[PDB]
Each structure stands twice: as structure tokens, then as C-alpha cells.
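Colleague: show me how the following folds:
(one chain, ligands or ions: 3)
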Amino acid sequence: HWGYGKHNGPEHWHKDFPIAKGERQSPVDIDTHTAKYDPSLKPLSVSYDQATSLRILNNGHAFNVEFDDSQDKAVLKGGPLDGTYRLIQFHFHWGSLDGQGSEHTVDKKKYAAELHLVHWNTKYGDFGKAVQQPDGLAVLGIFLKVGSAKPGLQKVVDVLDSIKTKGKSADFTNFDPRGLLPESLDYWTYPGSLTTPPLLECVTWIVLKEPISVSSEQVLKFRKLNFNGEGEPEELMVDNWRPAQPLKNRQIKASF
Ligand SMILES: CCN(C(=O)OC[C@@H](CO[N+](=O)[O-])O[N+](=O)[O-])[C@H]1C[C@H](C)S(=O)(=O)c2sc(S(N)(=O)=O)cc21
Ligand SMILES: [Hg+2]
Ligand SMILES: [Zn+2]
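Modeller: Numbers count the residues shown, from 1 in each chain. Ligands and ions are numbered 1, 2, ... in the order given. Take a look at the structure below.
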């Protein structure tokens, strides 16, 4: 099945998911000089105060922190979005090396990692219905460079030992996702897709311009994660990013 190596990687995915070569694929390169400031963008609203995490999960591709989304608690609204999108989970993609790992790039510059906070459009009643919709999801993308530690990330780093291999999960309640955000909400936005199979074209992308900084030793611990399940040969979870895809006519709008 799909993965990130030579034989099952992003270059192979189109075979099971033809949409891989579609008209609104993610990620993209953000050409900062070509993105237009857009005055009809409302201010962005990230309300994460009442966010309730349930658990952390290694799914053999990344690790997912999953949230209770049965009630309106953690929502993204405003910016390019119409109505209310509920936070359901977040995850990261990262590299074997500090100079690679993000999915989006900024004038071709790759960051050490990229975090994705995933929200679904509440007009559609459940997450399952929204992903079948062109405006079904909003993903908040955040870059990670290597520098000083992100204190608000270390509870995630420490729990990773518990979820080394595919299929492992741990209780992970009361994680507050606000500690992962940078100061600025300046952003680029574009219409796009899931960056993993099924690569569905249901995503409004909102990518923060300001990177967060994490320590060398924090990213180093991401890299100790395994793609494999318990008691299979050891394949380190690194370089789980999809490269930039063709822009194809789309415009990237800047909020600033
Ligand atoms: C959690 C990351 N995802 C994902 O499919 O990872 C692996 C598959 C595994 O597929 N598989 O081999 O059975 O799903 N999973 O076992 O959690 C999906 C899951 C769901 C479709 S999601 O939470 O709406 C989501 S958003 C993104 S991203 N990178 O564009 O911001 C990606 C995803
Ligand atoms: Hg869709
Ligand atoms: Zn992602």
C-alpha cells in the first residue's frame, strides 16, 4: 500500500488515486512574489480554547492527535472561509534532515517540518460527508524550522515513545493546540486537496507565513518514529512529505 519510499511513494499514488494529477492538488510552491494581497479576506479566527484531545495515533504514515468533535468547541472561521469548520485532528510531515520535510515551500525553500491542523465544515453534519464536498475541509498549515525548542510541542515529543510503530495509540487528553501556533496569523490561501491518498480535492489551504521554531532534539525524536508495525523490520518514519504539485491556474492569495 501507499507510502513514501521509491516503490510506493508520491510518484506512484496516481495509479490508485487518479486525482493525484488533478486540477487542485496539494501541496504547492508559494511564489511570494506572485501571490496577491486580497482585501475581501475577513480576518482569520482560530478559536482553540475549548479544544478536547482524545488520543495520539501512529497510523504508519504520521502521528495523529485526534479531538472530540461531537460539539462546537475548536473552530476555524473567517479568512477565505464561509461558516464554521470544526477541528478534528492534527499531524506533521518531516524530513531525515533539517533542510527538508515541509510539504508546501516558500519560493522553493523547504522547512524541517510542516504541521497540519485539520478542520471540517459543520454545514455537512459529519466529517464523512464534508470530505465528499469541494469546500468540505480547511487545513491550517504551519512551517517548522530548527532553532529553539517549541515548549508547547514537548508533550507531543515525550509521548512518541508510546506510539513507536504502526497501529499504536495512547491516551492524549487535555493537549492544548494553541501552544503550537506562531505569533502572526499572516497567511497564504489557495484551493487544494488532501496531501495523502485519497488526495481528495476538498481542502481550503491556509498556510501561515511565520514558521515556528523547534529544537534539533525535538525533530530528532520525530525521526525515531517507525513506518512499520511492531515486530516488522525497522523503517524509520522520515521524509513523509509529498513534494510540491503544479499550481495550474489557481491563484494564491495573501492576507497581508
Ligand atoms: C491523518 C492523515 N491522513 C491520512 O490518510 O493518513 C493515513 C491514512 C492510512 O491509509 N491507509 O493506508 O489505510 O489514514 N489513516 O490510517 O489515519 C488523512 C486522514 C483524513 C482524510 S484527514 O484528517 O481529513 C487528513 S488531512 C490531511 S493533509 N495532509 O492534507 O492536511 C491528511 C489527512
Ligand atoms: Hg471533495
Ligand atoms: Zn498533512
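
Colleague: got phi/psi on residue 37?
Modeller: Dihedral angles of residue 37 (phi, psi; degrees, to the nearest 10) stand at phi -60, psi 130.

Colleague: list the contacts for it?
Modeller: 253-256 (Cβ atoms under 8 Å, 6 or more residues apart in numbering). Bear in mind the C-beta positions are built from the backbone N, C-alpha and C, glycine included.

Colleague: ranking those by neighbours, who comes first?
Modeller: Counting neighbours by other Cβ atoms under 10 Å, residue 255 leads the contacts of residue 37 with 22 neighbours.

Colleague: will you turn the contacts of residue 37 into a markdown table that also has secondary structure and distance to residue 226?
Modeller: Below are the contacts of residue 37 laid out as a markdown table (DSSP: H, G, I helix; E, B strand; the rest coil; distance: Cβ to Cβ, whole Å):
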| residue | secondary structure | distance to residue 226 |
| --- | --- | --- |
| 253 | strand | 39 |
| 254 | strand | 38 |
| 255 | coil | 38 |
| 256 | coil | 40 |
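
Colleague: output those in CSV, with distance to ligand 1 appended to each entry.
Modeller: Below are the contacts of residue 37 laid out as CSV (distance: Cβ to the nearest ligand atom, whole Å):
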residue, distance to ligand 1
253, 19
254, 20
255, 19
256, 23
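
Colleague: any residues of the stretch 101-250 of the chain in contact with ligand 2? List them.
Modeller: Residues of the stretch 101-250 of the chain found near ligand 2 (Cβ under 5 Å from the ion) are 200, 202.

Colleague: so where do the strands sit in the stretch 101-250 of the chain?
Modeller: Assigned by DSSP state E, counting those that start in this stretch, the stretch 101-250 of the chain shows strands spanning 105-106, 113-121, 137-147, 169-171, 187-192, 203-208, 212-215.

Colleague: do the longest one and ligand 1 meet?
Modeller: To tie it back to what came earlier, the one meant is strand 137-147. Yes: legend: contact between strand 137-147 and ligand 1 by Cβ under 6 Å from any ligand atom is shown at 137, 139.

Colleague: measure how that strand sits relative to strand 187-192, angle-wise.
Modeller: Calculated by axes from the mean of the first three to the mean of the last three Cα atoms, to 10 degrees, strand 137-147 forms an angle of 130 degrees with strand 187-192.

Colleague: count the neighbours of the residue in the chain that ligand 2 sits nearest to for me.
Modeller: Of all residues in the chain, residue 202 sits closest to ligand 2, at 3.0 Å by Cβ to the ion. If you count neighbours by other Cβ under 10 Å, residue 202 ends up with 23.

Colleague: got the phi/psi numbers for residue 108?
Modeller: Residue 108 adopts backbone torsions of phi 70, psi 0, taken as degrees, to the nearest 10.

Colleague: report the contact partners of it.
Modeller: For residue 108, the contacting residues are residue 29, by Cβ under 8 Å, 6+ apart.

Colleague: do the same with the one 10 residues further on
Modeller: For residue 118, the contacting residues are 87-91, 137, 139, by Cβ under 8 Å, 6+ apart.

Colleague: just residue 187 next, same as before
Modeller: Counting by Cβ under 8 Å, 6+ apart, residue 187 touches 44, 79, 206-209, 254-256.

Colleague: how about 10 Å then?
Modeller: 41, 44, 79-80, 140-142, 205-210, 253-256 (Cβ atoms under 10 Å, 6 or more residues apart in numbering).

Colleague: hmm, back to that, now the residue of the chain closest to ligand 2: closest residue in space that isn't a chain neighbour?
Modeller: Spatially, and ignoring its direct neighbours in sequence, residue 202 is nearest to residue 136 (4.0 Å; Cβ to Cβ, 6 or more residues apart in numbering).
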